[PDB]
Amino acid sequence: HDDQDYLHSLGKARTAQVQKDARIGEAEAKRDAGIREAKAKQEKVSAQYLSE
Amino acid sequence: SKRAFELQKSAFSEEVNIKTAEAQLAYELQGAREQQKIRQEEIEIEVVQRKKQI
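- Chain B has the name Flotillin-2 in the PDB entry, where Homo sapiens is given as its organism.
- Anyone opening this PDB entry will find it titled "Structure of the flotillin complex".

- Looking at the PDB entry, chain A carries the name Flotillin-1, with the source organism given as Homo sapiens.

Structural data, given as structure tokens:
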């Protein structure tokens, strides 16, 4: 046990190093979802106006 | 796409409004054309009257 917080920072380093991966995965997923969601939105609006 | 749709819709609205604007006032045009003869006879009334006032 350490009451001086000596080892807590050493532990927290790796937690940050894994949280960066946790965020990179979310960024990948969000960009990949948004790109094709916006594209499909575009096609449906274009077809709706073509019908109009 | 929105620009193309708006342009086509406004273009169509142009001639539809033109045809309507003709449609309301055709009534007044024919009404005046008929009022010509209506008043012609309404005034021939007293022409005939004054002809035999002689």
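1. As for the overall build of chain A
Then, number 1: Looking only at helices and strands, chain A has one helix and zero strands in total.
Then, number 2: Here chain A has a C-alpha radius of gyration of 23 Å; the compact-globule value for 52 residues is 10 Å, and the former is much larger.
Then, number 3: In terms of its C-alpha atoms, chain A occupies a principal-axis envelope of roughly 70 × 15 × 10 Å.
Then, number 4: Relative to its 52 residues, chain A shows a buried fraction of 0%.

2. Side note on the overall build of chain B
Then, number 1: Broken down by element type, chain B carries one helix and zero strands.
Then, number 2: Taking 54 residues into account, the globule formula puts the C-alpha radius of gyration at 10 Å, and chain B, at 24 Å, lies well above it.
Then, number 3: Principal axes of the C-alpha set define a box for chain B whose edges measure 80 × 10 × 5 Å.
Then, number 4: Across the 54 residues in chain B, those meeting the buried criterion constitute 2%.
Then, number 5: When the accessible area of chain B is evaluated, it comes to approximately 5200 Å², of which 60% is carbon and sulfur surface.

3. Topic: the pattern of salt bridges
Then, number 1: Tallied over the entire structure, the rule returns four salt bridges over all chains.
Then, number 2: A:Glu26 is the salt-bridge partner of A:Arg23, the closest N and O atoms lying 3.2 Å from each other. Remark: A:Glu26 and A:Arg23 occur in helix α1 (residues 6-51); sequence separation between them is three residues, near one turn of the helix.
Then, number 3: Accessibility expressed as a relative area gives 48% for A:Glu26, which makes it partly exposed.
Then, number 4: Where B:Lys37 meets B:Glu34, a salt bridge forms, and the shortest distance between an N and an O atom there is 2.7 Å. Taken as a pair, B:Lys37 and B:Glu34 lie in helix α1 (residues 2-53) at a separation of three residues, close to a single helical turn.

4. Brief notes about the environment of A:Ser9
Then, number 1: With respect to the helices and strands, A:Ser9 occurs in helix α1.
Then, number 2: The sequence separation of A:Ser9 and A:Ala33 amounts to 24 residues, and the corresponding C-alpha distance is 36 Å.

5. A closer look at a nonpolar patch on the surface
Residues and elements named next belong to chain A.
Then, number 1: On the surface, a nonpolar cluster with roughly 380 Å² of combined accessible area is contributed by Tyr6, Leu7 and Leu10.
Then, number 2: One can find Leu7 in helix α1.
Then, number 3: Owing to a relative accessible area of 52%, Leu7 belongs among the exposed residues under this scheme.

6. Digging into unusual backbone geometry
Then, number 1: Its identity is not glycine, yet A:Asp5 carries a phi of approximately 60 degrees, on the positive side.
Then, number 2: Within the fold, A:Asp5 resides in the segment before α1.

About the thresholds
Residues numbered from 1 in each chain as written, not as in the entry; some residues may be left out. Chains lettered and ligands numbered in written order. Part of a larger assembly, values for the part shown. Heavy atoms only, no water. Helix = DSSP H or I, 4+ residues; strand = E, 2+ residues; numbered from the N terminus. Rg over C-alpha atoms; globule rule 2.2 N^0.38 Å. Buried < 20%, exposed > 50% of the residue type's maximum accessible area, 1.4 Å probe, protein only. Areas by Shrake-Rupley, 256 points an atom, 1.4 Å probe, with all protein chains shown as cover. Salt bridge = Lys/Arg side-chain N within 4 Å of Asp/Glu carboxyl O. Patch = residues over 30% accessible without salt bridge, like charges linked within 9 Å, V, L, I, M, F, W, Y side chains within 5 Å.

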